[PDB]
Structures are given as structure tokens and as C-alpha cells.
2 protein chains.
Amino acid sequence: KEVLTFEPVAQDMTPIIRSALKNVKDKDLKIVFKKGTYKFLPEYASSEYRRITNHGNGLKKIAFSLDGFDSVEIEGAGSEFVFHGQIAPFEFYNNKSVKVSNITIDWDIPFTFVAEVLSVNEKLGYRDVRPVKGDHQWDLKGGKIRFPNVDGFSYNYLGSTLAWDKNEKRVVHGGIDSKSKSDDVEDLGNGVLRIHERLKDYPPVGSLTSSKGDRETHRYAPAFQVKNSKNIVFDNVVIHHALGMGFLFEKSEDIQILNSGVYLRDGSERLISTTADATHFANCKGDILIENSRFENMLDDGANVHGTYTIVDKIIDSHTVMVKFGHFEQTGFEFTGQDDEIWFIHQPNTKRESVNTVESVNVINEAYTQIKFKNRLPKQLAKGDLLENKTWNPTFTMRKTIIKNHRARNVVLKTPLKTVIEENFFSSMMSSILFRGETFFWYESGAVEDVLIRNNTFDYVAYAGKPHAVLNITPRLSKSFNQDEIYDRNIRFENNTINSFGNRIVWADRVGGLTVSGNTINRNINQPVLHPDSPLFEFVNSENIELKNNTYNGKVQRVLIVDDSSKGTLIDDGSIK
Amino acid sequence: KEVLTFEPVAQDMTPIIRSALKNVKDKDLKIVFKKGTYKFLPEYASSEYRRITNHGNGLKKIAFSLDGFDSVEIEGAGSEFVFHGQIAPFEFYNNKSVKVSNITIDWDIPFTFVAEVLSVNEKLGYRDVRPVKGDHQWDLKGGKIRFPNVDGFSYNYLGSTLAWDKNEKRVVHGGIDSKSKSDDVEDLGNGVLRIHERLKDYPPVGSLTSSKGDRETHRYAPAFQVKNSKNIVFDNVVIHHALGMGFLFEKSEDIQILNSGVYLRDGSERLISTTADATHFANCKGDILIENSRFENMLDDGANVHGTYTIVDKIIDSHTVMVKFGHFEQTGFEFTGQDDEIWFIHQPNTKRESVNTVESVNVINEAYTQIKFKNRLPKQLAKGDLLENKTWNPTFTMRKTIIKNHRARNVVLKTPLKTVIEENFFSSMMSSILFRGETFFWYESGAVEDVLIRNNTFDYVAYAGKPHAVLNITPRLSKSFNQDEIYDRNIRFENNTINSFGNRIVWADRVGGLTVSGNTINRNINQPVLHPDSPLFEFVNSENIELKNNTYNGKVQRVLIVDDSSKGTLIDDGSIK
Ligand SMILES: O=S(=O)(O)OC[C@H]1O[C@@H](O)[C@H](O)[C@@H](O)[C@H]1O
Ligand SMILES: O=S(=O)(O)OC[C@H]1O[C@@H](O)[C@H](O)[C@@H](O)[C@H]1O
Ligand SMILES: O=S(=O)(O)OC[C@H]1O[C@@H](O)[C@H](O)[C@@H](O)[C@H]1O
Ligand SMILES: O=S(=O)(O)OC[C@H]1O[C@@H](O)[C@H](O)[C@@H](O)[C@H]1O
Ligand SMILES: O=S(=O)(O)OC[C@H]1O[C@H](O)[C@H](O)[C@@H](O)[C@H]1O
Ligand SMILES: O=S(=O)(O)OC[C@H]1O[C@H](O)[C@H](O)[C@@H](O)[C@H]1O
Ligand SMILES: [Ca+2]
Ligand SMILES: [Ca+2]
Ligand SMILES: [Cl-]
Ligand SMILES: [Cl-]
Ligand SMILES: [Cl-]
Ligand SMILES: [Cl-]
Ligand SMILES: [Cl-]
Ligand SMILES: [Cl-]
Ligand SMILES: [Cl-]
Ligand SMILES: [Cl-]
Ligand SMILES: [Cl-]
């Protein structure tokens, strides 16, 4: 067992870490840092071609690459790690045990453009904005904005842009994503820019807008990528920025994120923490626990636990099928391997039909995978059918955790195994708890079968411009499949408190077995309804729904919309009427 | 020794080759095709991250990847291989012997946009063009041209654009490169498009323009990439298209290109053959022979034999130095290795100062290489000095070859070893025989020391809109170095015939030992002089130049310009007065 110790010796710690990690030989490593501030530049970092699910693949500069250990552990002792430019801070591949603790991650210059809206001229199609300085960086050239200008890198456009409350640093009431692609930007002097372009949705005067650049390059790497690993514990790890997601796990098992978080630095002038998901779990297995953590100000969801749907491309022989990934940021994924159990899904029926066990895999390229199964394939397997990995699904628990003031859904749940969401505090621009099995664009699997959402506080939820709900069960399945079959099952939503401004509470589509019980809804938020006459509850194409012992306080609101087939099995004790 | 034989079995030969080549196990392989037309798609091709000098690195789809053979041979028996989309047709890595023969290479849809210029409006900034159809592909979407729209790929803009003579399929007289970046293209009906943008140089009406797309993605891969191989023979191999160079060799030894070529298919509607260099030799050694070949209609040089200049970044210790690549398409190059001899060049002096021998190499990333030498480094080695690889330089012979009707220089010569250019037919838009050691942008090495250019025919040379010459000796060295030191040496230009229209014959800068003798210049080409009062010969900052027994026939032309220091050692027998 090797033990490496480090101190803040050089202005760029990357070469020192790079050299030490290269000479490691033992399969058990522990790295200790003396409490201090360490800066890492990518210039002299190791570079490898990497495959990163739900990010862009490519050549990456990597600061910490820990591959193949029996156990590897990083003790930050409260240090702060400052990164620079396009770099992947941490990669843990192929480790039988991983622990990182007591560390703060941040960048020296964020990959964002943040500006206060001074005025909007919709008639002439421009807006005037004052860019936030702090440690943001940008300039003008060619009549357009360039940012962040780090190591010679600049985005082409501001890209997808969102309006935030300047004081609360949360998304504005009614906020809608707006794509900025302006070729015409003037310096008006005194630090004011005039951005010429017509927008479908302009930002409100006085708000701060965020921009994270071009869709095709701004998912560079998460702060942590864990691949093919086991027994992973993050403890007192705080992320202030990343060029992608915060904690990303692929094909890994038994994960704990404890007393950790993704949020803004107290007193800073930052608006965005991670530019994508705070936490993300792609085809993991074993157990996942998020406890005592805090996720704020990301530009995407707080958590997404899900697997991959691959698409049957052709049948090779009686035991061998070739599948394809469906979304461009899934290519390069390690879908399966020897001894995995796999579900077959046959058009046009959305359900898991049968199970088989993988004998071997021939990865053809990053898009196509040839899988040979131990048992004969189903006779009805056809091109366009789906494979879902059955082995690589986790149990999932989130408790005593805060998720608020960010862009997107708080919690996105797609595992078929036991899921517990309890004793959390939630506040979400979009839906708070969202279910979306997806075979249309994202190809993310996860018809659920056992989910308990209880004793949480939902405060200020679903204030986006587009319609959302506190609990939103909404699969989006390819038109090659029937659109009215039961998908998710056995969801319980018990004893939560919802502070509301008139938003939807539950929207359920194709759920079989949904209990909404013991909840208190407090219409006590002074903000305007953005979708008039939205019911508290709406159910379409579902079965065995029960409303029980809920309470509504405040100005009246439409309670129920239910279609005829769901009404047939709706138990409703009239708790709210 | 394995022998694989194939026949035109399926619409897509890629899977059959992929599977067969994956199961080869002997170190001696021969692949035989029955004479026919074979088509290869990238969809199911193997994908690997590849490093390709003077191209862009990244994930490549690869049809033939032959790695590590004692001997590998491909016998095409006159077959035609048709490729499709973004694919690398052939890769030969780490092979002790390579032979390819009797094969024609082409694409089903070229990655070019070609159009006849119908009208130009310089006041309003537009041009009307009719796209050539043939097997070109393109459309309009978002108000601009998309091409080639193959497997979902399209360039952003037309990119680097050049005008050609419709009937000769060569660059127009006075042709100049023009960047096309037009956001506004409309269909005027009748197969005519209007391209809105202001150009510094407009194409002439009646000319065909070629466009090859965005600078940053159009160097995808050469038709052939040969890396770390030796004893390589191409014989009767013809290339009609590639997404890059035709024959590219890196760190390879003893190469012959015999009875081969890069040119347009007779009777086709193509204008461009390869979108980059026909042949290219990056830090090869041993001998290179090009004989009885034919290179036409490329969008870059016919041949460039050259090495790499790396830049000293850091002195690590008494024996170890870290260098950096200078041009962005050189990163990932394999600069050196154990037992290589290396030249050191110390600012501000351009000359090779001392030699050392490499003990080991520690590749840090694609930009930075750490080199440990067997002997102590020079005391005066400093950041910004250069290393040149001394071992990896070849002898070079081109004979009985035709190079004409393409964009750029015919032959670019940067090896220090014996070079012979004889009995060829050259016609060139730019300079025909060009010398450019380059430590400013391209970082390409070789001050030459022994070059013989004799018994060639130069017919219609240097008709570009910018000034060039039949023989052009023009280093381009960083301002960190003295700008008036002798660089190239011992160049002889003997017994050639030049049909001229008034162009320069010799422009020489910083040569020591130049002989121009026995040449016949016939002013017999009916084309306008574009650079008036250009002398036949011009020498600056050179030594030991001799004009001897030359003859000029036709309308009078200024003969000589020479600075005072070159005049001091110029021998001129007045044969051209
Ligand atoms: O993101 S991954 O592609 O899985 O990275 C792991 C791989 O990195 C690649 O760059 C290497 O060439 C492979 O040997 C392998 O180690
Ligand atoms: O990550 S994004 O760039 O916003 O993805 C864009 C996509 O969003 C999806 O919800 C739509 O179904 C797609 O048709 C596409 O518009
Ligand atoms: O262009 S090169 O980088 O030299 O290619 C050779 C390499 O390809 C990479 O994709 C592999 O991970 C390496 O194992 C090696 O095979
Ligand atoms: O082939 S290209 O890469 O588009 O050429 C662009 C380059 O041309 C060179 O001659 C210039 O000196 C460089 O400064 C650079 O602009
Ligand atoms: O189908 S979903 O509506 O849940 O969207 C899936 C999508 O959610 C987030 O945008 C992530 O950043 C993406 O990588 C992807 O997981
Ligand atoms: O310094 S030079 O003027 O000879 O230019 C070097 C340059 O020449 C061609 O453009 C090649 O395609 C490039 O890869 C590069 O070799
Ligand atoms: Ca990816
Ligand atoms: Ca390259
Ligand atoms: Cl190292
Ligand atoms: Cl900077
Ligand atoms: Cl920010
Ligand atoms: Cl692929
Ligand atoms: Cl219904
Ligand atoms: Cl295969
Ligand atoms: Cl196509
Ligand atoms: Cl063409
Ligand atoms: Cl690099």
C-alpha cells in the first residue's frame, strides 16, 4: 500500500501529480494533501481519448487519472483544488474501491457568460446587458462575444441562455430557455453590450442571464467520472464548477455521496455551479445513497438515475444481435458484458418481454455493439426492438438532501429497483420528481416498479414557463410503440408538504398503482399562476390511482382532471374537493 | 503465411474485411481481391482514435487497418474500391514490409462543392452559380449550402475556395484562394444559387469554383497512412478522391511509389482529386522514390518531403529537455525515440549546431515530448531553441513523373540528404520546385544540402495571382532568429526546359551554392503577365550563385535583380542578356 503526500509547492501542481501517479505500482493507493489551495493547469496534463456518457467524447486533458486499483483514496484535508480551462479533474476507472473526501473543486475562470439585462427592444430586436465581471472573462471580436478566452478557447455563441433572479440566484418566475446566436454585438461603452438578435422569449429587465456556450463542445467532462468501479464513497466533497456534470458514474456499483454538494461559493459573483447535472448514474447496480448533501445552481438536473436503451439493428444469428445507441452522447458506452441479464422489448409493446444472459460482446465501433447470448434469441426479435440491461440497475436512496435554485428537474428516477426519496427539501424550476422512460430521443431506460416519496418539503416548485408538476410521471416513447400502455408502476407519494403558488401537484401518464396520500398543500406563495386553471392532479391512461387524506390550504383551485379510463379505477376519498 | 481472397459479395464489404482482418494471426499476410468493384461504408467500420500528421486527430472510421505485420500485401488485381462518407481507407502501422498494387480508390460522393460562376455583383456582394451535379450532393437548409450531406455530415461553410478553368480543369490564370463564409444562399430556380457575401477576390465568370469545407474538419484522413513501417511499395495504385492527402508516410523507411497516381477519372464530372497533398513524407528515412507516376487536380502540393521542428519548452535536467510541437496539426506526432540522432538549433542562429543521441522518451501529451539524451545537453540550450531530427531524413528521387493542374506547389523539398528531381513534366499554379524551411507557422524542417533538378520540362508555371517562381528558395524563419543567414545549400538547376508567359524563373533567398545552367526558357505561352517587371532571376542574401549557358527565346523580359551582397559572389556569363 503506497501513501503519497503533497503540499502546495508549485504554481501549477499538474506536473507533480502527473509524475507521481505515473510511478505508482501498488494496487492500493492513498493520496494525502496538506490543507491548502492547489492550482492545476491542463497545459502539461496527461491527455487520453475518453468516452464519457451523456457528454462529448474526445481527447481530454486529465488532472487525476486513477485506473485499476484494488483501493484508491484521496484525502483533501479540506484543501481547495482550483482548475483552469478545458480539463477533467478526476477519472476513476476499474477500481474495486474508491473514496474521496474533504475537498472543494472550483475553476479560476468559469466557462459561462453572465450579464444583467438593462433594456430590451423587441421592435428592433436587440437587448442591452451589463456583463458581470468577478472572475468571468470575455471580449469582443468580429462583432460578436467571445468567452471565456481561456488557453485560446472561445465558444462560437452564447448558446442556450436562461434568466435568473439577481438577488436569489434562482431561475426567474416563468423562465424559459432561450438560444442566443447573435452575429451583431456592439460595445456601448461603460461596460454595456447591445446584442442584436430577435428572440422568441426575451429575458426580463433586471434579471441576470446565464450562457454556457455551444451545445456541441460545452459538455467537456464532469468533475468526477467513475467508470467500471465499485464501493465508491464521496464525503464532504464540494463542487463549485465543472465543464459538465458534477458526479458522474457509469457501470459502477455501491455508491455513496455523503455530506457533499454542488453549489455557489459564498460571497462570490458566480451564478452557475456545474454546467450540467449535479449527480448522474448511468447503468449502475448495487445500491446508491445520497444523504446530507446540497445541490444548487446547476444548469441541469440534481440527479438522474437511469440505464440505456439500445436499438436492435440486425440479427446476426440464432444467438447474436447487433444493437445501436440512440442518442449521440451515448456512443462509446459499455452497454453490457459477459453474464449480464438483458430485457427484450418488442415493438409495439413497451413492456419487458423476456430475459436472456450475455455470453460475450464484440464492440464493432462506438455506435454498434454485437452481443452473443447464452440462450437462443426470441423468434420475434426485429430491427427497432429495444434491449434494456437488467443486471445494471441500482437501488436508490436520497435523504436529508437539499436541491434548489437550479435549472431543470430536482430528481429524475428511472430505476426498476427500490427507490426511496425521503426527508429532503426541494425547490425546482421544472418538475421536482420526474419519471421519463425515453425511447424517442434520449434512449434512457427505466420503467419503475417500486418508488416511495415521503416526508419531503417541496417549496416553490414548477415555476418554469413551460408546464410542469411537483410529481410528474411522463414517459416519452417512440411512435413505433403503442402510446397508451402502462409503463411505470407502484409509486407512492406520502406525507409531503407542498408550498404552492397555483402549480400542478401531480401529473401522471400511464402509471399503474399510484398512491397520493397524507400530503399537505399550502397555497401560500405570492407569485402569479403561469398556467391558468391547471388542476392539482391530472391522470391520463393510468390504473389504480388513489387519493387519500390530503389537505389543501388557500385560495381555491381546480382539483382533478382525469380521463375516462383512469377514472374507472380512481379511489378518491374527497380529502380535497 | 496467411492468404485471404475476396470477391464482390455484398453491397457493403466493410464487415467482411473487418471480421476477416480481426481473425488474422500470422505475421505474414497477403490479401487478394478478384477483379471487380468493391464498396465500403463507414457505418460498421472499426473506429479508433488516430494521430495523423498534417491532418486532424480524432476518432476515425477505418476500412483497412494493418498493424504489426512482418509482411502485408494487398493485391487489387485491377479492382476499384469505392468509399463513402468520412472514412480512412488504409492504415499501415508498424509493418516490416508493405505492398499495395493494382487498385483504384474513389468515393461515391465527393466532399466538395463545385459550381460554375454565372454572375458576380461586387457592389452588392453576391455571386450567382450553378452547382455541378454529377455525383456531387448538397442542399439548402437554414438559408445556406449544406454539403455533402453524407451519413448526416455537412460542413458549416464552403470554406477555402478556388476558381478553375472549366475546359482544362486547372486553376484559372491569376487564380487566388478565397474564403467563403456565407450565411445567406438562396435558390433562384433553374439550378442556380445566389451566394451573398463580400469577397476580397471574386471568381471569374465562366470559371468553376471548388470548395472543400471548413478548415477544421476537412483533413479527416489520407487514402493511405503509413506509420512506423519500412519497405513500402505502391505500384499501379490510383486515387481519385480522399478526405485529405493521397499517400502519407510518417516515420517510415524505404518507400517507392511506382506507376501510381492521384488524378481525375476520365469522363467524370469531378474537378478535385484529393483534397490535400498527393504525396507527403513526414520524418521518413532511408530512400524515397517516385517514378512513372501522375499527380493532378489535388487541392494542395504534389509532394512535400520534410521533417518536424520542435520547440524547446523546458530544461528538465542535465540530459532531459521538454519540447513542443509548433503547428496544431503536428500534435500527436512521434517525433523521436531511442537511438535517434537529433540536431540542436540555438537562437538567433538558424544553423544546425550540435548532435546528440536519444536515450528515452516520455510523451507527456499530444503537444509536449520529454526527451532524455545519452550525452549531456548543450549549455546554451534555452526555451525557444529548436530540435531537428537528424536520423529521420530520407534520400529523395522523383523521375519520369507528371505533376500538373492542381492547387499549390508541384514539389516541396526539405530533406538534407541527396535529392534528385529529373525527367519529369511539371506545370504548377504556384512555384514548381519550392524550398521553405519554416519555423514561423508550419514548423517544418530541412535546410537542404544536396539537390539536383535536371532534364525536366516546366510548362506553364507560377500562374497564380500571388507571385511565385519555377524554382523558389524561400525559407520562412521566426523573428527569434537572424533573417539573413545562409540556410539552403548546394542546389543545382541544370538542363531544364521552361515554357514561360513572363513568370519568374528563379527566386532565391539565403542559398549558398546555387547553379542555374543549361536551361532553355521559351516565352511562348499566350497569357498576360500578372506581376509586371518581374525578373527572370532574383537573388537576395545568397552566396556563390552561378548563371551559366542558359538561353532565353521570345519577347524581352527583365533578366536579373540582385542585392549587393549576393552580387559579390555571383558568376554570370551573360548567356541571358
Ligand atoms: O474513456 S475510455 O475510452 O474508456 O478510456 C479507456 C481507454 O482510453 C484510451 O484512450 C486508450 O487508448 C485505451 O487503451 C483505454 O485505456
Ligand atoms: O439538450 S438539448 O440541446 O436542449 O436537446 C435538444 C433536444 O431536446 C429534446 O427534448 C427534444 O425532444 C429534441 O427534439 C431536441 O430539441
Ligand atoms: O494514431 S495512433 O494514436 O498512433 O493509433 C494507435 C493507437 O490507437 C489508439 O486508438 C489505441 O488506443 C492505441 O492502443 C493504439 O492502437
Ligand atoms: O492552410 S491554412 O491553414 O488555411 O493556412 C493558414 C496559414 O497560412 C500561412 O501561410 C500563414 O502564414 C499563417 O499565418 C496561416 O494563416
Ligand atoms: O429524458 S429526459 O427528459 O429525462 O432527459 C435526459 C437528459 O437529462 C439531462 O438533460 C441530462 O443532462 C442529459 O444527459 C440526459 O440525461
Ligand atoms: O511551409 S510550407 O509553405 O511548405 O507549407 C507547409 C504545408 O504545406 C501544405 O499546405 C501541406 O498540406 C501542409 O500540411 C503543410 O505541409
Ligand atoms: Ca459520450
Ligand atoms: Ca495531427
Ligand atoms: Cl511524467
Ligand atoms: Cl486566461
Ligand atoms: Cl457563473
Ligand atoms: Cl462510430
Ligand atoms: Cl384514456
Ligand atoms: Cl468483427
Ligand atoms: Cl447518404
Ligand atoms: Cl469534385
Ligand atoms: Cl495537447
# chains A, B, ... in the order shown; residues from 1 in each chain; ligands from 1
$ residues_near_ligand --ligand "ligand 9" --cutoff "7 Å" --atoms "only C-alpha atoms and all ligand atoms" --output "list in words"
residues 15, 18, 19 and 22 of chain A; 362 and 364 of chain B
$ residues_near_ligand --ligand "ligand 13" --cutoff "12 Å" --atoms "only C-alpha atoms and all ligand atoms" --output "list in words"
residues 483, 484, 485, 486, 509, 510, 511, 539, 540, 541, 542, 543, 561, 562, 563, 564, 565, 566, 567, 568 and 569 of chain A
$ atom_distance --atom1 "atom CA of residue B:149" --atom2 "atom 1 (Cl, counted along the ligand's line) of ligand 15"
6.4 Å
$ residues_around --residues "residue A:308" --least-positions-apart "5" --cutoff "12 Å" --atoms "only C-alpha atoms" --output "MDAnalysis selection string"
chainID A and resid 53:54 250:251 281:284 323:327 329:331 333:336 342:343 386:393 414:415 437:439 441:447
$ interface_residues --of "chain A" --to "chain B" --cutoff "7 Å" --atoms "only C-alpha atoms" --output "PyMOL selection string"
chain A and resi 44-47+49+58+364-366
$ write_last_selection --atoms "C-alpha atoms" --output "PDB file, in the first residue's frame"
ATOM      1  CA  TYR A  44       1.105  19.735 -19.121  1.00  0.00           C
ATOM      2  CA  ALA A  45      -1.636  17.303 -18.107  1.00  0.00           C
ATOM      3  CA  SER A  46      -1.824  13.798 -19.468  1.00  0.00           C
ATOM      4  CA  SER A  47      -4.147  13.511 -22.447  1.00  0.00           C
ATOM      5  CA  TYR A  49      -9.060   9.808 -25.697  1.00  0.00           C
ATOM      6  CA  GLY A  58     -12.724  13.132 -27.472  1.00  0.00           C
ATOM      7  CA  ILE A 364     -17.876  -3.023 -33.512  1.00  0.00           C
ATOM      8  CA  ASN A 365     -17.414   0.736 -33.073  1.00  0.00           C
ATOM      9  CA  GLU A 366     -18.688   3.431 -30.743  1.00  0.00           C
TER      10      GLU A 366
END
$ residues_near_ligand --ligand "ligand 11" --cutoff "8 Å" --atoms "only C-alpha atoms and all ligand atoms" --output "PyMOL selection string"
chain A and resi 110-114+136+210+269-273
$ residues_near_ligand --ligand "ligand 16" --cutoff "12 Å" --atoms "only C-alpha atoms and all ligand atoms" --output "JSON, numbers by chain"
{"B": [106, 107, 108, 109, 110, 111, 112, 113, 114, 115, 131, 132, 133, 134, 135, 136, 137, 148, 164, 166, 169, 208, 209, 210, 211, 212, 240, 241, 242, 243, 263, 264, 265, 268, 269, 270, 271, 272, 273, 274, 275, 297, 298, 299]}
$ residues_near_ligand --ligand "ligand 4" --cutoff "12 Å" --atoms "only C-alpha atoms and all ligand atoms" --output "ChimeraX atom specification"
/B:54-56,159-161,177-179,212-219,275-277,299-301,327-329,407-408,436,438-443,476-478
$ decode --residues "stretch 20-101 of chain B" --atoms "C-alpha atoms" --output "PDB file, in the first residue's frame"
ATOM      1  CA  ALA B  20     -11.525 -11.378 -41.647  1.00  0.00           C
ATOM      2  CA  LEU B  21      -8.746  -8.979 -40.647  1.00  0.00           C
ATOM      3  CA  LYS B  22      -9.675  -9.288 -36.958  1.00  0.00           C
ATOM      4  CA  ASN B  23      -9.022 -13.053 -37.060  1.00  0.00           C
ATOM      5  CA  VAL B  24      -5.658 -12.976 -38.845  1.00  0.00           C
ATOM      6  CA  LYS B  25      -2.913 -14.355 -36.618  1.00  0.00           C
ATOM      7  CA  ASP B  26       0.173 -14.905 -38.777  1.00  0.00           C
ATOM      8  CA  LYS B  27       2.730 -12.132 -39.126  1.00  0.00           C
ATOM      9  CA  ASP B  28       2.798 -12.542 -42.922  1.00  0.00           C
ATOM     10  CA  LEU B  29      -0.430 -11.707 -44.724  1.00  0.00           C
ATOM     11  CA  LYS B  30      -1.499 -11.334 -48.322  1.00  0.00           C
ATOM     12  CA  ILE B  31      -4.970 -10.179 -49.309  1.00  0.00           C
ATOM     13  CA  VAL B  32      -6.153 -10.878 -52.856  1.00  0.00           C
ATOM     14  CA  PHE B  33      -9.252  -9.405 -54.458  1.00  0.00           C
ATOM     15  CA  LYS B  34     -10.883 -10.817 -57.553  1.00  0.00           C
ATOM     16  CA  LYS B  35     -11.089  -8.067 -60.144  1.00  0.00           C
ATOM     17  CA  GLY B  36     -14.269  -6.108 -59.525  1.00  0.00           C
ATOM     18  CA  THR B  37     -15.909  -3.123 -57.873  1.00  0.00           C
ATOM     19  CA  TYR B  38     -15.998  -3.234 -54.047  1.00  0.00           C
ATOM     20  CA  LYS B  39     -17.923  -0.699 -51.951  1.00  0.00           C
ATOM     21  CA  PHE B  40     -17.094   0.160 -48.326  1.00  0.00           C
ATOM     22  CA  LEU B  41     -19.279   2.075 -45.918  1.00  0.00           C
ATOM     23  CA  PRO B  42     -18.098   3.532 -42.601  1.00  0.00           C
ATOM     24  CA  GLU B  43     -21.301   2.633 -40.695  1.00  0.00           C
ATOM     25  CA  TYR B  44     -19.963  -0.669 -39.353  1.00  0.00           C
ATOM     26  CA  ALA B  45     -16.268   0.090 -39.808  1.00  0.00           C
ATOM     27  CA  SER B  46     -13.952  -0.204 -36.853  1.00  0.00           C
ATOM     28  CA  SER B  47     -13.341   3.071 -35.043  1.00  0.00           C
ATOM     29  CA  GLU B  48     -10.094   4.101 -33.401  1.00  0.00           C
ATOM     30  CA  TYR B  49      -8.708   7.345 -32.100  1.00  0.00           C
ATOM     31  CA  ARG B  50      -5.871   8.134 -34.533  1.00  0.00           C
ATOM     32  CA  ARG B  51      -2.962  10.567 -34.707  1.00  0.00           C
ATOM     33  CA  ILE B  52      -2.351  11.674 -38.300  1.00  0.00           C
ATOM     34  CA  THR B  53       0.344  14.199 -39.093  1.00  0.00           C
ATOM     35  CA  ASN B  54      -0.710  17.321 -41.016  1.00  0.00           C
ATOM     36  CA  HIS B  55      -4.357  16.216 -40.580  1.00  0.00           C
ATOM     37  CA  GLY B  56      -6.741  16.484 -37.644  1.00  0.00           C
ATOM     38  CA  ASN B  57      -6.635  13.856 -34.912  1.00  0.00           C
ATOM     39  CA  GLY B  58      -9.739  12.197 -33.569  1.00  0.00           C
ATOM     40  CA  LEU B  59     -11.963   9.174 -33.800  1.00  0.00           C
ATOM     41  CA  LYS B  60     -11.634   7.623 -37.265  1.00  0.00           C
ATOM     42  CA  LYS B  61     -13.690   5.059 -39.130  1.00  0.00           C
ATOM     43  CA  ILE B  62     -11.134   2.750 -40.787  1.00  0.00           C
ATOM     44  CA  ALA B  63     -11.744   0.210 -43.560  1.00  0.00           C
ATOM     45  CA  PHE B  64      -8.314  -1.496 -43.624  1.00  0.00           C
ATOM     46  CA  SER B  65      -6.140  -1.384 -40.502  1.00  0.00           C
ATOM     47  CA  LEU B  66      -2.975  -3.483 -40.888  1.00  0.00           C
ATOM     48  CA  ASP B  67      -0.857  -3.232 -37.741  1.00  0.00           C
ATOM     49  CA  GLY B  68       2.301  -5.116 -36.769  1.00  0.00           C
ATOM     50  CA  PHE B  69       2.943  -7.430 -39.743  1.00  0.00           C
ATOM     51  CA  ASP B  70       6.306  -8.804 -40.757  1.00  0.00           C
ATOM     52  CA  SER B  71       4.878  -8.553 -44.270  1.00  0.00           C
ATOM     53  CA  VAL B  72       1.475  -7.441 -45.523  1.00  0.00           C
ATOM     54  CA  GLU B  73       0.490  -7.181 -49.172  1.00  0.00           C
ATOM     55  CA  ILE B  74      -2.732  -6.152 -50.888  1.00  0.00           C
ATOM     56  CA  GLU B  75      -3.285  -7.300 -54.471  1.00  0.00           C
ATOM     57  CA  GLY B  76      -6.211  -5.466 -56.000  1.00  0.00           C
ATOM     58  CA  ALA B  77      -5.850  -7.187 -59.391  1.00  0.00           C
ATOM     59  CA  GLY B  78      -7.199  -4.072 -61.075  1.00  0.00           C
ATOM     60  CA  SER B  79     -10.211  -3.709 -58.770  1.00  0.00           C
ATOM     61  CA  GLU B  80     -11.954  -0.475 -57.877  1.00  0.00           C
ATOM     62  CA  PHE B  81     -12.574   0.308 -54.188  1.00  0.00           C
ATOM     63  CA  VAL B  82     -15.397   2.851 -53.663  1.00  0.00           C
ATOM     64  CA  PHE B  83     -15.553   4.536 -50.252  1.00  0.00           C
ATOM     65  CA  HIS B  84     -18.333   6.565 -48.670  1.00  0.00           C
ATOM     66  CA  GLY B  85     -18.527   9.364 -46.135  1.00  0.00           C
ATOM     67  CA  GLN B  86     -15.881  10.080 -43.516  1.00  0.00           C
ATOM     68  CA  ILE B  87     -13.601   7.064 -43.638  1.00  0.00           C
ATOM     69  CA  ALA B  88      -9.884   6.283 -43.632  1.00  0.00           C
ATOM     70  CA  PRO B  89      -9.415   3.665 -46.390  1.00  0.00           C
ATOM     71  CA  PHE B  90      -5.982   2.250 -45.450  1.00  0.00           C
ATOM     72  CA  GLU B  91      -3.733   2.361 -42.388  1.00  0.00           C
ATOM     73  CA  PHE B  92      -0.369   0.526 -42.309  1.00  0.00           C
ATOM     74  CA  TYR B  93       1.205   0.813 -38.841  1.00  0.00           C
ATOM     75  CA  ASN B  94       4.318  -0.951 -37.525  1.00  0.00           C
ATOM     76  CA  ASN B  95       4.875  -3.198 -40.563  1.00  0.00           C
ATOM     77  CA  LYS B  96       8.280  -4.502 -41.603  1.00  0.00           C
ATOM     78  CA  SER B  97       7.093  -4.717 -45.228  1.00  0.00           C
ATOM     79  CA  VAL B  98       4.088  -3.266 -47.084  1.00  0.00           C
ATOM     80  CA  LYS B  99       2.992  -3.695 -50.684  1.00  0.00           C
ATOM     81  CA  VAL B 100      -0.175  -2.439 -52.377  1.00  0.00           C
ATOM     82  CA  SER B 101      -0.715  -2.810 -56.105  1.00  0.00           C
TER      83      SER B 101
END
